[PDB]
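Enquirer: Pasting my_file_5.cif below, which is mmCIF, C-alpha atoms and all ligand atoms.
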```cif
data_my_file
#
loop_
_atom_site.label_atom_id
_atom_site.label_comp_id
_atom_site.auth_asym_id
_atom_site.auth_seq_id
_atom_site.Cartn_x
_atom_site.Cartn_y
_atom_site.Cartn_z
CA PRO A 9 -29.83 -59.81 1.06
CA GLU A 10 -31.55 -59.40 -2.34
CA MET A 11 -29.99 -57.16 -5.02
CA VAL A 12 -31.22 -55.46 -8.24
CA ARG A 13 -28.99 -55.08 -11.40
CA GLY A 14 -25.66 -55.78 -9.60
CA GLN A 15 -26.28 -53.43 -6.63
CA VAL A 16 -27.03 -54.32 -2.92
CA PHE A 17 -30.69 -53.64 -1.96
CA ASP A 18 -30.98 -54.69 1.73
CA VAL A 19 -34.53 -53.52 2.75
CA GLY A 20 -35.70 -56.80 4.38
CA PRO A 21 -37.55 -58.31 6.21
CA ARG A 22 -40.45 -55.76 5.80
CA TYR A 23 -39.95 -55.17 2.03
CA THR A 24 -39.58 -58.07 -0.45
CA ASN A 25 -40.22 -59.03 -4.16
CA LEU A 26 -38.09 -56.19 -5.64
CA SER A 27 -38.46 -54.98 -9.27
CA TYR A 28 -36.33 -52.27 -10.98
CA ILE A 29 -37.90 -48.87 -11.90
CA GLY A 30 -35.09 -46.32 -12.45
CA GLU A 31 -31.57 -45.14 -11.54
CA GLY A 32 -30.53 -41.58 -10.63
CA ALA A 33 -27.15 -39.82 -10.31
CA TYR A 34 -26.52 -41.19 -6.76
CA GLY A 35 -29.31 -43.77 -6.23
CA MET A 36 -31.78 -46.39 -7.49
CA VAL A 37 -35.59 -46.77 -7.17
CA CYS A 38 -37.33 -50.19 -6.98
CA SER A 39 -40.92 -51.34 -6.43
CA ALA A 40 -41.34 -53.69 -3.44
CA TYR A 41 -44.06 -55.52 -1.51
CA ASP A 42 -44.65 -54.12 2.03
CA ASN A 43 -45.30 -57.09 4.37
CA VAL A 44 -46.82 -54.85 7.14
CA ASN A 45 -49.36 -52.73 5.12
CA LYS A 46 -49.62 -55.52 2.41
CA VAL A 47 -49.30 -53.01 -0.52
CA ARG A 48 -46.53 -52.41 -3.11
CA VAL A 49 -44.35 -49.30 -2.48
CA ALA A 50 -41.43 -47.44 -4.12
CA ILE A 51 -38.06 -47.62 -2.31
CA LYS A 52 -35.29 -45.20 -3.21
CA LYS A 53 -31.79 -46.49 -2.35
CA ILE A 54 -29.48 -43.55 -1.76
CA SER A 55 -25.63 -43.73 -1.60
CA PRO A 56 -24.71 -40.03 -1.01
CA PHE A 57 -21.95 -40.08 1.68
CA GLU A 58 -19.00 -39.77 -0.78
CA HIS A 59 -20.14 -36.26 -1.95
CA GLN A 60 -21.30 -33.12 -0.07
CA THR A 61 -23.80 -32.14 -2.87
CA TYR A 62 -25.58 -35.55 -2.73
CA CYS A 63 -25.69 -35.38 1.13
CA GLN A 64 -27.23 -31.86 0.95
CA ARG A 65 -29.91 -33.00 -1.61
CA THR A 66 -30.74 -36.12 0.53
CA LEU A 67 -31.09 -34.15 3.84
CA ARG A 68 -33.14 -31.24 2.30
CA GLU A 69 -35.64 -33.72 0.78
CA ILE A 70 -35.90 -35.89 3.96
CA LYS A 71 -36.49 -32.83 6.25
CA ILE A 72 -39.07 -31.24 3.85
CA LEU A 73 -41.08 -34.42 2.95
CA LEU A 74 -41.33 -35.59 6.60
CA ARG A 75 -43.00 -32.24 7.50
CA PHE A 76 -45.22 -32.27 4.33
CA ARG A 77 -48.55 -34.15 3.97
CA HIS A 78 -50.47 -33.50 0.72
CA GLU A 79 -52.21 -35.67 -1.93
CA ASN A 80 -50.21 -34.07 -4.82
CA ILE A 81 -46.80 -34.36 -3.07
CA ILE A 82 -44.79 -37.60 -2.72
CA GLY A 83 -44.44 -38.83 0.86
CA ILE A 84 -41.78 -40.51 3.01
CA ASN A 85 -43.63 -43.21 4.95
CA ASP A 86 -40.52 -45.13 6.18
CA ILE A 87 -36.72 -44.89 6.16
CA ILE A 88 -34.44 -47.97 6.29
CA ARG A 89 -30.72 -47.75 7.17
CA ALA A 90 -28.06 -49.46 9.37
CA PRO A 91 -28.42 -49.18 13.24
CA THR A 92 -25.13 -47.16 13.55
CA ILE A 93 -23.40 -44.28 11.66
CA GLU A 94 -20.33 -46.58 11.20
CA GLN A 95 -22.43 -49.30 9.47
CA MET A 96 -24.61 -46.78 7.47
CA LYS A 97 -23.37 -46.88 3.83
CA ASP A 98 -26.81 -46.32 2.25
CA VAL A 99 -30.27 -44.83 3.02
CA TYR A 100 -33.54 -46.39 1.81
CA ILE A 101 -36.47 -43.97 1.62
CA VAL A 102 -39.96 -45.62 1.30
CA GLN A 103 -42.28 -43.50 -0.90
CA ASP A 104 -45.49 -43.66 -3.03
CA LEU A 105 -45.52 -46.16 -5.91
CA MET A 106 -46.75 -44.58 -9.17
CA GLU A 107 -47.14 -46.42 -12.52
CA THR A 108 -45.91 -43.60 -14.81
CA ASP A 109 -44.74 -39.93 -14.96
CA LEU A 110 -45.44 -36.93 -17.25
CA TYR A 111 -42.03 -37.34 -19.08
CA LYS A 112 -42.99 -40.95 -20.09
CA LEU A 113 -46.58 -39.91 -21.02
CA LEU A 114 -45.51 -36.93 -23.23
CA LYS A 115 -43.04 -39.12 -25.21
CA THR A 116 -45.89 -41.27 -26.69
CA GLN A 117 -49.36 -39.98 -25.60
CA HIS A 118 -51.47 -37.15 -26.96
CA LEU A 119 -53.11 -35.39 -24.03
CA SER A 120 -56.77 -34.31 -24.30
CA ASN A 121 -57.59 -30.75 -23.10
CA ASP A 122 -59.39 -32.37 -20.10
CA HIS A 123 -56.13 -34.24 -19.18
CA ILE A 124 -53.97 -31.05 -19.56
CA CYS A 125 -56.50 -29.11 -17.38
CA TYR A 126 -56.56 -31.85 -14.64
CA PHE A 127 -52.71 -32.27 -14.65
CA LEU A 128 -52.19 -28.48 -14.39
CA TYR A 129 -54.74 -28.27 -11.55
CA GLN A 130 -52.96 -30.98 -9.43
CA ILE A 131 -49.47 -29.43 -10.13
CA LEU A 132 -50.73 -26.01 -8.90
CA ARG A 133 -52.69 -27.58 -5.97
CA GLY A 134 -49.44 -29.29 -4.88
CA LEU A 135 -47.40 -26.09 -5.51
CA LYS A 136 -49.92 -24.01 -3.40
CA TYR A 137 -49.07 -26.19 -0.34
CA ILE A 138 -45.26 -26.11 -1.08
CA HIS A 139 -45.29 -22.27 -1.44
CA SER A 140 -47.53 -21.82 1.68
CA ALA A 141 -44.69 -23.52 3.68
CA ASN A 142 -42.32 -20.81 2.21
CA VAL A 143 -40.59 -23.63 0.24
CA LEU A 144 -39.45 -23.54 -3.42
CA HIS A 145 -39.23 -26.79 -5.40
CA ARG A 146 -36.71 -25.26 -7.93
CA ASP A 147 -36.66 -28.35 -10.25
CA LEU A 148 -40.23 -28.79 -11.57
CA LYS A 149 -40.21 -30.75 -14.86
CA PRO A 150 -42.32 -33.64 -16.40
CA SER A 151 -39.94 -36.34 -14.96
CA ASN A 152 -40.58 -35.03 -11.38
CA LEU A 153 -44.38 -35.38 -11.85
CA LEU A 154 -45.52 -38.94 -11.09
CA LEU A 155 -48.92 -40.34 -12.15
CA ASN A 156 -50.93 -43.50 -11.40
CA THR A 157 -53.45 -45.38 -13.71
CA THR A 158 -56.29 -42.93 -12.76
CA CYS A 159 -54.17 -39.83 -13.58
CA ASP A 160 -53.56 -38.82 -9.89
CA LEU A 161 -50.44 -36.60 -9.82
CA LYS A 162 -47.66 -36.34 -7.18
CA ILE A 163 -44.71 -33.89 -7.21
CA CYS A 164 -41.43 -35.64 -6.31
CA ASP A 165 -37.64 -34.88 -5.94
CA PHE A 166 -37.07 -32.08 -3.38
CA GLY A 167 -33.26 -32.34 -3.71
CA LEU A 168 -32.92 -28.72 -4.97
CA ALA A 169 -35.72 -27.35 -2.72
CA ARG A 170 -34.97 -24.27 -0.55
CA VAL A 171 -36.70 -21.82 1.82
CA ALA A 172 -37.82 -18.71 -0.14
CA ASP A 173 -35.37 -15.78 0.28
CA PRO A 174 -36.54 -12.82 -1.95
CA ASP A 175 -34.25 -10.23 -0.23
CA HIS A 176 -31.09 -12.20 -1.32
CA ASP A 177 -32.25 -13.21 -4.86
CA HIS A 178 -30.08 -10.72 -6.84
CA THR A 179 -26.80 -11.81 -8.53
CA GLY A 180 -24.68 -10.96 -11.61
CA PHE A 181 -25.05 -11.83 -15.30
CA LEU A 182 -24.45 -15.51 -16.32
CA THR A 183 -24.34 -16.85 -12.71
CA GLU A 184 -24.08 -20.70 -12.82
CA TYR A 185 -27.28 -22.61 -11.89
CA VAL A 186 -27.93 -26.31 -10.99
CA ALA A 187 -31.69 -26.84 -11.91
CA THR A 188 -32.76 -28.34 -15.33
CA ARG A 189 -31.95 -25.84 -18.13
CA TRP A 190 -35.18 -26.15 -20.26
CA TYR A 191 -37.35 -25.09 -17.23
CA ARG A 192 -35.13 -22.16 -16.03
CA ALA A 193 -36.78 -18.72 -15.78
CA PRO A 194 -35.18 -15.95 -17.96
CA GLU A 195 -34.03 -13.97 -14.82
CA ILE A 196 -31.73 -16.95 -13.80
CA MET A 197 -29.37 -16.11 -16.74
CA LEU A 198 -29.72 -12.35 -16.05
CA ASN A 199 -29.82 -11.47 -12.28
CA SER A 200 -31.55 -14.16 -10.13
CA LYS A 201 -30.40 -16.94 -7.74
CA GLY A 202 -33.87 -18.59 -7.94
CA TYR A 203 -34.81 -17.71 -4.33
CA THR A 204 -38.38 -16.50 -5.18
CA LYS A 205 -41.72 -18.39 -5.72
CA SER A 206 -41.85 -16.93 -9.29
CA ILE A 207 -39.10 -19.40 -10.54
CA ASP A 208 -41.46 -22.39 -9.85
CA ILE A 209 -44.38 -20.69 -11.72
CA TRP A 210 -42.09 -20.29 -14.78
CA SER A 211 -41.27 -24.06 -14.69
CA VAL A 212 -45.06 -24.87 -14.44
CA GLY A 213 -45.60 -22.56 -17.50
CA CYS A 214 -42.96 -24.56 -19.44
CA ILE A 215 -44.69 -27.83 -18.33
CA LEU A 216 -48.12 -26.48 -19.54
CA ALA A 217 -46.63 -25.49 -22.96
CA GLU A 218 -45.01 -28.99 -23.18
CA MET A 219 -48.39 -30.74 -22.46
CA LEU A 220 -50.02 -28.76 -25.33
CA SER A 221 -47.51 -29.82 -28.04
CA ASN A 222 -45.58 -32.92 -26.58
CA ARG A 223 -42.25 -31.02 -26.94
CA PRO A 224 -40.30 -28.64 -24.64
CA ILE A 225 -41.12 -25.01 -25.53
CA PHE A 226 -37.56 -23.74 -24.76
CA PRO A 227 -35.00 -26.56 -25.53
CA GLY A 228 -31.73 -24.64 -24.90
CA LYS A 229 -28.61 -26.62 -25.91
CA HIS A 230 -26.40 -24.64 -23.44
CA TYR A 231 -26.54 -21.92 -20.69
CA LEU A 232 -27.06 -18.65 -22.72
CA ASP A 233 -28.99 -20.45 -25.56
CA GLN A 234 -31.76 -21.01 -22.95
CA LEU A 235 -32.38 -17.24 -22.67
CA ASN A 236 -32.24 -16.81 -26.49
CA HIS A 237 -34.95 -19.53 -26.84
CA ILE A 238 -37.16 -17.61 -24.30
CA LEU A 239 -36.63 -14.23 -26.09
CA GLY A 240 -37.31 -15.95 -29.45
CA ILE A 241 -40.97 -16.51 -28.42
CA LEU A 242 -41.62 -13.73 -25.80
CA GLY A 243 -39.92 -11.13 -27.99
CA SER A 244 -37.76 -8.20 -26.84
CA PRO A 245 -38.40 -7.14 -23.18
CA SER A 246 -40.28 -3.82 -22.77
CA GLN A 247 -38.55 -0.62 -21.50
CA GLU A 248 -40.38 -1.14 -18.14
CA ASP A 249 -39.08 -4.77 -17.75
CA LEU A 250 -35.54 -3.66 -18.80
CA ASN A 251 -35.56 -0.85 -16.17
CA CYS A 252 -36.14 -3.56 -13.44
CA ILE A 253 -32.74 -5.13 -14.45
CA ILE A 254 -30.25 -2.73 -12.75
CA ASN A 255 -27.23 -5.05 -13.38
CA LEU A 256 -25.46 -3.33 -16.35
CA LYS A 257 -23.96 -6.49 -17.96
CA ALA A 258 -27.45 -8.15 -17.99
CA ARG A 259 -29.23 -4.96 -19.25
CA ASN A 260 -26.59 -4.19 -21.95
CA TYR A 261 -26.71 -7.81 -23.17
CA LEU A 262 -30.50 -7.49 -23.73
CA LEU A 263 -30.01 -4.03 -25.36
CA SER A 264 -27.39 -5.47 -27.82
CA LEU A 265 -29.94 -7.93 -29.32
CA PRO A 266 -31.99 -6.96 -32.41
CA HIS A 267 -35.69 -6.26 -31.87
CA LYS A 268 -37.70 -9.53 -31.81
CA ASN A 269 -41.53 -9.60 -31.91
CA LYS A 270 -43.72 -11.73 -29.63
CA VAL A 271 -44.70 -15.07 -31.23
CA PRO A 272 -48.50 -15.31 -30.57
CA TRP A 273 -49.50 -18.31 -28.39
CA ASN A 274 -52.34 -19.27 -30.81
CA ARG A 275 -49.75 -19.58 -33.67
CA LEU A 276 -47.45 -21.81 -31.53
CA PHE A 277 -50.45 -23.80 -30.19
CA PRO A 278 -53.30 -23.70 -32.84
CA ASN A 279 -55.32 -26.52 -31.14
CA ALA A 280 -55.04 -25.31 -27.51
CA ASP A 281 -58.01 -23.93 -25.49
CA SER A 282 -58.00 -20.07 -25.48
CA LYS A 283 -58.23 -19.93 -21.61
CA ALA A 284 -55.24 -22.38 -21.39
CA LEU A 285 -53.13 -19.92 -23.52
CA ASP A 286 -54.22 -16.87 -21.47
CA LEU A 287 -52.99 -18.66 -18.29
CA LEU A 288 -49.81 -19.80 -20.16
CA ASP A 289 -49.09 -16.12 -21.06
CA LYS A 290 -49.39 -15.12 -17.35
CA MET A 291 -47.08 -17.97 -16.17
CA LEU A 292 -44.53 -17.26 -18.92
CA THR A 293 -44.29 -13.51 -18.12
CA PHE A 294 -40.68 -12.22 -18.63
CA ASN A 295 -40.80 -9.95 -15.54
CA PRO A 296 -40.87 -12.21 -12.40
CA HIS A 297 -42.69 -9.48 -10.38
CA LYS A 298 -45.60 -9.41 -12.93
CA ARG A 299 -45.69 -13.25 -13.24
CA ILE A 300 -48.87 -14.88 -11.85
CA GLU A 301 -48.76 -16.44 -8.34
CA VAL A 302 -49.91 -20.04 -7.59
CA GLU A 303 -53.24 -19.01 -5.87
CA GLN A 304 -54.00 -16.57 -8.74
CA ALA A 305 -53.27 -19.37 -11.27
CA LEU A 306 -55.68 -21.74 -9.44
CA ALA A 307 -58.43 -19.03 -9.64
CA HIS A 308 -57.85 -18.53 -13.46
CA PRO A 309 -60.99 -19.33 -15.63
CA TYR A 310 -59.09 -22.24 -17.33
CA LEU A 311 -59.24 -24.22 -14.01
CA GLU A 312 -62.88 -23.22 -13.06
CA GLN A 313 -64.15 -26.88 -13.18
CA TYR A 314 -61.69 -27.80 -10.38
CA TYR A 315 -61.12 -24.53 -8.44
CA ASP A 316 -62.20 -24.90 -4.78
CA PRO A 317 -59.88 -22.94 -2.39
CA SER A 318 -61.42 -24.75 0.65
CA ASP A 319 -60.18 -28.06 -0.91
CA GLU A 320 -56.68 -26.65 -1.69
CA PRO A 321 -54.89 -27.05 1.69
CA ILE A 322 -51.92 -25.03 2.95
CA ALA A 323 -49.10 -26.07 5.36
CA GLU A 324 -49.82 -25.57 9.11
CA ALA A 325 -46.60 -23.49 9.58
CA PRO A 326 -43.77 -21.99 7.40
CA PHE A 327 -40.71 -24.24 6.95
CA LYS A 328 -37.34 -23.31 8.48
CA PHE A 329 -33.94 -25.08 8.34
CA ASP A 330 -32.26 -25.27 11.81
CA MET A 331 -28.85 -24.60 10.15
CA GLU A 332 -27.52 -23.57 6.67
CA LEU A 333 -26.69 -26.75 4.68
CA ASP A 334 -24.66 -24.95 1.93
CA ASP A 335 -21.44 -24.87 4.06
CA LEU A 336 -21.39 -28.19 6.03
CA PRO A 337 -18.94 -31.09 5.28
CA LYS A 338 -20.21 -34.51 4.00
CA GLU A 339 -19.21 -36.09 7.39
CA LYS A 340 -21.43 -33.70 9.45
CA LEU A 341 -24.30 -34.07 6.90
CA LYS A 342 -24.06 -37.89 7.49
CA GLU A 343 -24.74 -37.30 11.26
CA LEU A 344 -27.71 -35.00 10.44
CA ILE A 345 -29.08 -37.66 7.99
CA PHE A 346 -28.56 -40.30 10.79
CA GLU A 347 -30.51 -38.07 13.30
CA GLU A 348 -33.47 -37.24 10.94
CA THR A 349 -33.95 -40.98 10.17
CA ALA A 350 -33.72 -42.18 13.88
CA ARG A 351 -37.55 -42.09 14.41
CA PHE A 352 -38.01 -44.96 11.83
CA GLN A 353 -35.64 -47.49 13.52
CA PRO A 354 -37.30 -50.59 15.19
CA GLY A 355 -36.18 -49.42 18.68
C1 LIG B 1 -32.94 -40.84 -16.03
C2 LIG B 1 -32.99 -41.43 -14.62
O1 LIG B 1 -34.35 -41.26 -14.22
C3 LIG B 1 -34.70 -40.74 -13.00
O2 LIG B 1 -33.87 -40.37 -12.17
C4 LIG B 1 -36.22 -40.66 -12.84
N1 LIG B 1 -37.04 -41.45 -13.80
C5 LIG B 1 -37.13 -42.92 -13.53
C6 LIG B 1 -38.16 -43.18 -12.45
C7 LIG B 1 -39.54 -43.15 -12.73
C8 LIG B 1 -40.49 -43.35 -11.70
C9 LIG B 1 -40.07 -43.62 -10.38
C10 LIG B 1 -41.05 -43.85 -9.35
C11 LIG B 1 -42.16 -44.71 -9.51
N2 LIG B 1 -42.86 -44.67 -8.33
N3 LIG B 1 -42.29 -43.85 -7.41
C12 LIG B 1 -41.16 -43.33 -8.01
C13 LIG B 1 -40.30 -42.47 -7.24
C14 LIG B 1 -40.09 -42.56 -5.86
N4 LIG B 1 -39.17 -41.61 -5.50
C15 LIG B 1 -38.77 -40.91 -6.64
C16 LIG B 1 -37.72 -39.88 -6.63
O3 LIG B 1 -37.33 -39.37 -5.58
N5 LIG B 1 -37.18 -39.55 -7.88
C17 LIG B 1 -36.10 -38.55 -8.06
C18 LIG B 1 -36.07 -38.02 -9.53
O4 LIG B 1 -37.38 -37.62 -9.86
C19 LIG B 1 -34.73 -39.15 -7.77
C20 LIG B 1 -33.75 -38.38 -7.09
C21 LIG B 1 -32.49 -38.93 -6.78
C22 LIG B 1 -32.21 -40.27 -7.15
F1 LIG B 1 -31.04 -40.81 -6.84
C23 LIG B 1 -33.19 -41.04 -7.83
CL1 LIG B 1 -32.86 -42.65 -8.25
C24 LIG B 1 -34.44 -40.49 -8.15
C25 LIG B 1 -39.47 -41.42 -7.73
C26 LIG B 1 -38.69 -43.68 -10.08
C27 LIG B 1 -37.77 -43.45 -11.10
CL2 LIG B 1 -36.10 -43.48 -10.62
#
```
Rewrite the structure from the file as structure tokens, please.

Expert:
Amino acid sequence: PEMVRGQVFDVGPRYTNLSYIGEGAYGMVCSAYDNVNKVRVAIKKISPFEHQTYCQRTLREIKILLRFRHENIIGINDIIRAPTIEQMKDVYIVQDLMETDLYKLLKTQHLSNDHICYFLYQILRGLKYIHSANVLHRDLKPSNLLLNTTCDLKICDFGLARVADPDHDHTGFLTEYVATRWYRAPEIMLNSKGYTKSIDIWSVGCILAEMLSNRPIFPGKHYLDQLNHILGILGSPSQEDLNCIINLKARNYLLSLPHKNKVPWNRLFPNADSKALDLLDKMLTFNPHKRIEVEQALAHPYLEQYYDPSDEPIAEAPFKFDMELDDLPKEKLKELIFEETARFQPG
């Protein structure tokens, strides 16, 4: 059994010639040569059975990506694990191998307007399919956007993905959230659980703004600082947008702040295309109900060179979890992970 950087990586005999890529919070990704299809692939070793959270993230992703099939979404083409639940200590998920990601690119490369336009198109084409399945990604950021040498984009990491639930989206002021801070919609800190499609559009808006300047538009250093960064550019919410926030603690917090004017997009981004900034404005709308939807975003004049709704596929049916995974112990989640991966075993 071959191992990478002092960690067991038993994926043989089908996958050999391992090379390190990255290491997550509860796993490791390596590139490996597939002896059946004779092509290099990415294998993600997962060790989640000691924590309920990691088991929940593993299962959600496996169930969603096995039912999804789209050019701009990472796939699960094979799953390797032990033949019994007793012997299963790890799970190896075989996915698409991509040379780089948008986080890596933005650190050192200046993106031409053509590149920004093409990247945004593929993100939204991928998101159209995700949202048509009534699924929310909930953690869109440059590191979860993989790219190959020809700039083909794939959305990855569905660990925080959920079925859309707009009727149960309301919550109190300063409710704790898991998803990456810099890409959190303003309503998360005010009165939202992130159970609507509009939280993903906000994250895409932040990604677009980041592609234009090679720096995160709202780099909050802590929970409430995130909202203050958003209000610093958007300005004070209108009376209309304030009236939509019925929660008194959230509304009175916004009312306590001095009046702040809107920073114009052309001042923040002097070299950006005017159509790119008009679409940015619509994605970074304070009110989630007035925020542009994925299909509307794809039809925006900025993406006219690529827009073709007949070549922007949707899922065949809406997604539905058989049971709620929020209140299941790590032991039961192990069984569910064992069951969902059974179809990939040699027998
Ligand atoms: C700071 C630690 O960094 C990360 O977690 C991600 N960046 C490194 C990286 C960069 C590229 C790739 C890569 C290259 N080709 N295919 C993939 C890939 C294949 N699957 C995934 C994936 O599911 N990634 C998510 C995070 O985006 C993830 C989720 C949970 C995890 F335990 C790990 Cl290790 C990774 C990525 C893999 C990796 Cl791990």

Enquirer: Env of residue 214 of chain A: 10 Å cut, atoms = all atoms listed in the file, seq-sep filter 2 positions within chain, self excluded. Answer as a PyMOL selection string.

Expert: chain A and resi 148-150+190-193+208-212+216-219+223-226+288+291-292

Enquirer: Counting all atoms listed in the file, which protein, DNA or RNA residues come within 6 Å of ligand LIG 1 (chain B), given as a PyMOL selection string?

Expert: chain A and resi 29-37+50+52+54+103-106+151-152+164-165

Enquirer: Please write the residues from the selection above to a file, keeping C-alpha atoms, as a JSON list (two decimals), in the frame of the given file.

Expert:
```json
[["chain", "number", "residue", "atom", "x", "y", "z"],
["A", 29, "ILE", "CA", -37.90, -48.87, -11.90],
["A", 30, "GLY", "CA", -35.09, -46.32, -12.45],
["A", 31, "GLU", "CA", -31.57, -45.14, -11.54],
["A", 32, "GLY", "CA", -30.53, -41.58, -10.63],
["A", 33, "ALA", "CA", -27.15, -39.82, -10.31],
["A", 34, "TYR", "CA", -26.52, -41.19, -6.76],
["A", 35, "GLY", "CA", -29.31, -43.77, -6.23],
["A", 36, "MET", "CA", -31.78, -46.39, -7.49],
["A", 37, "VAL", "CA", -35.59, -46.77, -7.17],
["A", 50, "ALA", "CA", -41.43, -47.44, -4.12],
["A", 52, "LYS", "CA", -35.29, -45.20, -3.21],
["A", 54, "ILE", "CA", -29.48, -43.55, -1.76],
["A", 103, "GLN", "CA", -42.28, -43.50, -0.90],
["A", 104, "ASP", "CA", -45.49, -43.66, -3.03],
["A", 105, "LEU", "CA", -45.52, -46.16, -5.91],
["A", 106, "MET", "CA", -46.75, -44.58, -9.17],
["A", 151, "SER", "CA", -39.94, -36.34, -14.96],
["A", 152, "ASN", "CA", -40.58, -35.03, -11.38],
["A", 164, "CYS", "CA", -41.43, -35.64, -6.31],
["A", 165, "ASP", "CA", -37.64, -34.88, -5.94]]
```

Enquirer: Give me the residues within 10 Å of residue 99 of chain A as JSON, numbers by chain, counting only C-alpha atoms and dropping any in the same chain fewer than 2 places off.

Expert: {"A": [18, 19, 35, 51, 52, 53, 54, 55, 56, 57, 66, 87, 88, 89, 90, 96, 97, 101, 102, 345, 346, 349]}

Enquirer: Would you be able to write out as a list in words which residues have an atom within 9 Å of (-37.7, -16.9, -23.8) in the file's coordinates, counting only C-alpha atoms?

Expert: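 Collected hits near the coordinates: residues 193, 194, 225, 226, 234, 235, 236, 237, 238, 239, 240, 241, 242, 243, 292 and 294 of chain A.
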
Enquirer: Could you check the closest approach to residue 116 of chain A for each of A:249, A:71, A:167, A:222 and tell me which residue wins, using only C-alpha atoms?

Expert: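 Among the listed residues, A:222 lies closest to residue 116 of chain A.
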
Enquirer: Have a look at A:39, A:255, A:157, A:295 and name the one nearest to residue 180 of chain A; count only C-alpha atoms.

Expert: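 When distances to residue 180 of chain A are compared using only C-alpha atoms, the smallest one comes from A:255.
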
Enquirer: Counting only C-alpha atoms, which of A:159, A:331, A:263, A:26 gets nearest to residue 128 of chain A?

Expert: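 Residue with the minimum atom-to-atom distance to residue 128 of chain A: A:159.
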
Enquirer: Ranking A:348, A:195, A:335, A:147 by minimum distance to residue 259 of chain A and counting only C-alpha atoms, which one comes first?

Expert: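 Counting only C-alpha atoms, the residue closest to residue 259 of chain A is A:195.
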
Enquirer: Which protein, DNA or RNA residues are at most 10 Å from (-50.0, -20.3, -23.1) in the file's coordinates when you count only C-alpha atoms, listed as an mmCIF file with C-alpha atoms, in the coordinates of the input?

Expert:
```cif
data_model
loop_
_atom_site.group_PDB
_atom_site.id
_atom_site.type_symbol
_atom_site.label_atom_id
_atom_site.label_comp_id
_atom_site.auth_asym_id
_atom_site.auth_seq_id
_atom_site.Cartn_x
_atom_site.Cartn_y
_atom_site.Cartn_z
ATOM 1 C CA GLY A 213 -45.600 -22.560 -17.500
ATOM 2 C CA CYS A 214 -42.960 -24.560 -19.440
ATOM 3 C CA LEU A 216 -48.120 -26.480 -19.540
ATOM 4 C CA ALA A 217 -46.630 -25.490 -22.960
ATOM 5 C CA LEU A 220 -50.020 -28.760 -25.330
ATOM 6 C CA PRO A 272 -48.500 -15.310 -30.570
ATOM 7 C CA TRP A 273 -49.500 -18.310 -28.390
ATOM 8 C CA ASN A 274 -52.340 -19.270 -30.810
ATOM 9 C CA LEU A 276 -47.450 -21.810 -31.530
ATOM 10 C CA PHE A 277 -50.450 -23.800 -30.190
ATOM 11 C CA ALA A 280 -55.040 -25.310 -27.510
ATOM 12 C CA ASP A 281 -58.010 -23.930 -25.490
ATOM 13 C CA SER A 282 -58.000 -20.070 -25.480
ATOM 14 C CA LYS A 283 -58.230 -19.930 -21.610
ATOM 15 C CA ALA A 284 -55.240 -22.380 -21.390
ATOM 16 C CA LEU A 285 -53.130 -19.920 -23.520
ATOM 17 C CA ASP A 286 -54.220 -16.870 -21.470
ATOM 18 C CA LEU A 287 -52.990 -18.660 -18.290
ATOM 19 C CA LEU A 288 -49.810 -19.800 -20.160
ATOM 20 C CA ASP A 289 -49.090 -16.120 -21.060
ATOM 21 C CA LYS A 290 -49.390 -15.120 -17.350
ATOM 22 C CA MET A 291 -47.080 -17.970 -16.170
ATOM 23 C CA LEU A 292 -44.530 -17.260 -18.920
#
```

Enquirer: Go ahead and compute the interatomic distance for atom CA of residue 168 of chain A and atom CA of residue 182 of chain A, in Å to one decimal.

Expert: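 We find that atom CA of residue 168 of chain A and atom CA of residue 182 of chain A lie 19.4 Å from each other.
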
Enquirer: Can you pull out the residues contacting residue 74 of chain A? Cut-off 9 Å, using all atoms listed in the file, and skip same-chain residues under 6 positions away; I want them as a PDB file with C-alpha atoms, in the coordinates of the input.

Expert:
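result.pdb written:
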```pdb
ATOM      1  CA  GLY A  83     -44.440 -38.830   0.860  1.00  0.00           C
ATOM      2  CA  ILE A  84     -41.780 -40.510   3.010  1.00  0.00           C
ATOM      3  CA  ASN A  85     -43.630 -43.210   4.950  1.00  0.00           C
TER       4      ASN A  85
END
```

Enquirer: Rounded to one decimal place, report the atom CA of residue 244 of chain A-atom CA of residue 264 of chain A distance in Å.

Expert: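 Rounded to one decimal, the two atoms are 10.8 Å apart.
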